[PDB]
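Shown next as structure tokens: one chain only, the form deposited without the partner chain.
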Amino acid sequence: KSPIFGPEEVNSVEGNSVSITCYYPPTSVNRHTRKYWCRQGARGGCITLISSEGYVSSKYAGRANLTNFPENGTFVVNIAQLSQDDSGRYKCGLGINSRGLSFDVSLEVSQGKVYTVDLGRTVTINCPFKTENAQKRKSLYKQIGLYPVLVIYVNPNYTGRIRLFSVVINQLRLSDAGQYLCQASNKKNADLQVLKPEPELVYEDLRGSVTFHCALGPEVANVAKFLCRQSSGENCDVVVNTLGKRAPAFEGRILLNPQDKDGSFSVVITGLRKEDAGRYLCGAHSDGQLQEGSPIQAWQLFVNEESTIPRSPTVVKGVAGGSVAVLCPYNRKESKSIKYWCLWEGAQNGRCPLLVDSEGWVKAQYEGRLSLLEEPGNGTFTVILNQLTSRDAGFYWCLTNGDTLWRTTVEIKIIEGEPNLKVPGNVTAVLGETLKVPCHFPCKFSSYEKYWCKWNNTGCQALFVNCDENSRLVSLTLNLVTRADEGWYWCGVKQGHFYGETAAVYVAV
């Protein structure tokens, strides 16, 4: 697949302007290579109409420009003064016109009481009448194939939605896009045009995250909203719901955020795969499915396989009592942010509650056993969790505070086994007289650096510490035990910047 993405089908009337946005992977070649807008005509061969190297055609002279934003990673084509000669098949692309790297756009312009509404909203058709028609059957009519049929006594097709002068119709199905006549001996004509929603182009990466901002109106805020995905035909795969559903594929990586004062929620998906691309449809129907007459809203996702998001362990394993050290990557250029770490608790609830952050807040039940580090810098941070149980198995999200968020999910599994560092249970010192704590370690770690750290909220930092390398043993010896020397201490291994297995002991005085 070429990684270029833009509108599959642009529409306009004659005489107006068009802006076509095409997205490319912002590598250093794509930003400096040549962008074109060729017209794929017949007989073979694109004919370049405008380019980013200066060329504007003779048909397009004075009424187009191709401007290029390498920071966004995209380029846009403005075309003024259309006419029906501009209807055809086009391509937006990069480089040489015949080598691929293009998206095929299909621009189809058309000839210039017409009501134009959206799917599922309401129409008020205000039709005049005469003074000599104050008794007879006030009515609408529809023309289903040049046949005048009664509609409104209500039509069996329109049962429950229409009401009588003017008429008002609620929750418009797409198959009410005909033309109606208001008759009170006289007749008025009125054309309804129910619009499909134009899909907003979301161009995301592989192993990244998408936030669908699902802002319908406040008139529909007390209805059970949903997120479908249109398949190859017609049925939608309901991905999330506000009634408790969730797809089995989106387990641990979905999030349906709570609504607002005007019914504007958002749906967060992380860890994007090649098969997650397609058309997604927010909506608000009282069953949580997609039915005729539900105010939808569409996005078109493109999951770019040419991703620069670093590939990570998507599953970490750790034994009961052991430890887990997760590397969460973030965007390298925003190195000063506030880094978080999260959990996962369902979809309709959509809860990712915070465990630890980079400023020195650790949760209540995770004191003495969780820490967030800064090493190794420049696009990664380490999160060390020890004292594991079987109920620490779950999906954990690597949030940050910047604007380019890839909320990297990782699943911790709790397998059978015994930990590597063998610390005592919970040693009890006494006042003034010393304490000696050991930490034996296997032969795998005799290359690694060893430490003992005392745990605070701001990140634990190393200490005195002896390291007997012959009999493998890292001693901790506190000289004068005060009440301050309390809390949790950790022995653990470390290879320069990358941290390893830890184990914890608590020193009570």
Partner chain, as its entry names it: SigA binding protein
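Shifts are known only where both forms have a C-alpha. Numbering follows the first chain given and starts at 1. Under this definition, the rigid core comprises the largest set of C-alpha atoms superposing within 1.5 Å between the forms.
Although not depicted, the form deposited with the partner chain bound is the subject of the following passage.
**Student:** Consider the chain as shown here, without its partner, and state which of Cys282, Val77, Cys328, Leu255 has a heavy atom within 4.5 Å of the partner chain in the entry with it bound.
**Tutor:** Going through each option in turn, the one that passes is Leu255.
**Student:** Which of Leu192, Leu399, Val109, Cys236 has a heavy atom within 4.5 Å of the partner chain in the entry with it bound?
**Tutor:** Checking each option against the partner chain in the entry with it bound, the one that comes within 4.5 Å is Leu399.
**Student:** Check for me: heavy atom within 4.5 Å of the partner chain in the entry with it bound, for each of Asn222, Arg351 and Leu354, yes or no.
**Tutor:** Checking in the entry with it bound: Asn222, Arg351 and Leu354 are all within 4.5 Å of the partner chain.
**Student:** Consider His213 of the chain shown here, and say whether it contacts the partner chain in the entry with it bound, taking contact as heavy atoms within 4.5 Å.
**Tutor:** Close contact exists here: in the entry with it bound, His213 approaches the partner chain to within 4.5 Å, heavy atoms only.
**Student:** Indicate whether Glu251 is a 4.5 Å heavy atom neighbour of the partner chain in the entry with it bound.
**Tutor:** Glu251: no, not in contact with the partner chain in the entry with it bound.
**Student:** Can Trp361 be called a contact residue for the partner chain in the entry with it bound at 4.5 Å between heavy atoms?
**Tutor:** Flag for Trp361 set to yes.
**Student:** Answer for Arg163 alone: is it within 4.5 Å of the partner chain in the entry with it bound, judged on heavy atom distances?
**Tutor:** The answer is no: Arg163 has no heavy atom within 4.5 Å of the partner chain.
**Student:** Counting only heavy atoms and a 4.5 Å cutoff, which of 155-163, 425-433, 257-265, 372-380 contacts the partner chain in the entry with it bound?
**Tutor:** After filtering at 4.5 Å, what remains is 257-265.
**Student:** Within 465-488, which residues come within 4.5 Å of the partner chain in the entry with it bound, counting heavy atoms only?
**Tutor:** Read in sequence order, no residue approaches the partner chain (within 4.5 Å, in the entry with it bound).
**Student:** Picking from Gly350, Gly271, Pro199, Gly322, which residue has its CA shift by 2 Å or more between this form and the one not shown, once the rigid core of the two forms is superposed?
**Tutor:** The only residue crossing the 2 Å threshold is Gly350.
**Student:** Out of closer and farther, which fits the Cα atoms of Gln365 and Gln348 in the entry with it bound compared with this form, where the change is 3 Å or more?
**Tutor:** Their C-alpha distance shrinks by at least 3 Å in the entry with it bound.
**Student:** Taking the rigid core as reference, which runs of at least three consecutive residues show Cα movement of 2 Å or more between this form and the one not shown?
**Tutor:** Three-plus residue run displaced between this form and the one not shown: 347-350, uniquely.
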